[PDB]
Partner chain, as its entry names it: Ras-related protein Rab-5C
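This document opens with one chain alone, in structure tokens, the form deposited without the partner chain.
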């Protein structure tokens, strides 16, 4: 990860990041997996946050959560995000999301038929308190360095909260206590009166700013520090996006920038949708609203796209399943290969036809790429919600669960021959790869050839752009020679790799190669003679899924 400040230098000196993970299977193969996921971004969308439950379950089962360091979100995303961040556990997170009387979450204390937002913010505080209190007690006896000052502040805040709730006759020791509280409206009113009594800010003698009475973003840091090493991961670094109505742009609140901001206050603001709530208002007097109504979620600063999962839920069924989108493309790819093959009589000998363009397939992934975008169809669950249809809910949930699983699966790819893996990744992204031990040997032997090949690919492009095609064939034959002799690849493997290389050159040249090939074949047809170009083209149209598969059969027999 690189901070935007590093871009201010005249001569940047790229640091080493990790975007890939090459490993060697017990099977003896090589697998290209994405790097461990560090950040999670939950896009806004209103009450479609019931789905996030499914998405979390997926990450849970797959053990992806534990290695998260950052969590950012807006609207429903923001809440979910904060519950994750505050180190709550799935069991309870699940119990919360599905169990909160969001219907009674919308106070009437508002005006003009809109909630004031104070109640929602109050339930959040009760939650953060309850969960942070449990962690606070997970700390050991010592408590030495400035960890004595932090421990005190937290202990005191939790103290303040309880004194206020006790007097109110409210007692919360766990998730259920909270959920039950939301069901009683008389109790909810006691909550508001109780917690609303706590001031927004506290200034001192000379009007200096004092510690926020409420649990803040910064307290998450205070808590993380105090905890034992093996438990520090439980608490995440939370970012909350919001729309600053006054400045009319989004504003992000986080533990590293606005550590003195109330967790509950920010999350409530992030969900202060203009349709359901009256705008919020910060200390500066600027008006705040739902973080998802003006623009999309900004990325987490210190991380790389490759390390961050972005979940974005939307109403209706605008999006299509991932697996059914893969097989739809795969089928089209195979269809195109067939189209090229079945057209050989007209293409080479004679007939009335005209070839299409790889441009009707330029939506082909020629290099390894990680897609970290999780799209979820929420169905009939839109921003405005009053319908907890036992169905529409269970559908949106598992619908979100499946999506996380699908995208999570599209990450790992497995190749048979290390040269293949490396050629797909590209010598470029090879340096930003986290290579394994058992792999290092063959990988670097293979990268040597990969470089020799790359140089040739590059040269072909270079020479064509200068309008010199005299050596295109020769260079191509050379690349094949390297794959056969130097790399020693089976006939099938070689065929697949060479196919890939041909494709990558076409890409790098922006179809300048394919045009040449087609022209050569065409002239050859006119001369009533064969052409070396035909073989290369048949390889160009090979189906990419095959090129990457471990089929062990030629493109022709690839079914799927």
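Residue numbers count along the first chain shown, from 1. Heads up, when I say rigid core I mean the largest set of C-alphas that superpose within 1.5 Å between the two forms.
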item	value
Mean Cα B-factor comparison, 541-549 or 13-21, giving the higher one as deposited	13-21
Average Cα temperature factor in the PDB entry - higher stretch of 270-278, 90-98	90-98
Given 309, 165, 313, 198, the residue at which the Cα B factor reaches its maximum	313
Identity of residue with top Cα B-factor, from 481, 342, 255, 436	436
Lowest, middle or highest third - CA B-factor, residue 77	lowest
Third assignment of residue 119 from its chain's C-alpha B-factors	lowest
Record-listed C-alpha B factor of residue 127: chain third	lowest
Third of chain Cα B-factors occupied by residue 210	lowest
Lowest, middle or highest third - CA B-factor, residue 498	lowest
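There is another form of the same protein, the form solved in complex with the partner chain; it is not shown, and what comes next is about it.
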query: Proximity to the partner chain in the entry with it bound (heavy atom, within 4.5 Å), stretch among 432-440, 328-336, 71-79, 177-185; finding: 432-440
query: Contact at 314, 373 and 387 by the partner chain in the entry with it bound, all three, heavy atom at most 4.5 Å; finding: no
query: Partner-contacting position among 478, 343, 196, 413 - heavy atom within 4.5 Å of the partner chain in the entry with it bound; finding: 478
query: Proximity to the partner chain in the entry with it bound, single hit among 382, 471, 392, 282 (heavy atom within 4.5 Å); finding: 471
query: Contact test in the entry with it bound: residue 231 vs the partner chain, heavy atoms, 4.5 Å; finding: no
query: Partner contact for residue 486 in the entry with it bound: the partner chain, 4.5 angstroms, heavy atom; finding: yes
query: Exercise: residue 451 in contact with the partner chain in the entry with it bound, heavy atom 4.5 Å; finding: yes
query: 4.5 angstroms heavy atom contact with the partner chain in the entry with it bound for residue 444; finding: yes
query: Residue from 382, 150, 473, 399 whose Cα, after superposing the rigid core, lies 2 Å or more away between this form and the one not shown; finding: 382
query: Residue shift check between this form and the one not shown, rigid core fit, residue 63 Cα at least 2 Å; finding: no
query: Exceeds or equals 2 Å, Cα of residue 333 between this form and the one not shown, core fit; finding: yes
query: Yes/no, residue 485 Cα shift of 2 Å or more between this form and the one not shown with rigid core fixed; finding: yes
query: Cα separation of residue 47 and residue 313 in the entry with it bound versus here, shift of 3 Å or more; finding: closer
query: Sense of CA distance change between residue 47 and residue 374 in the entry with it bound, threshold 3 Å; finding: closer
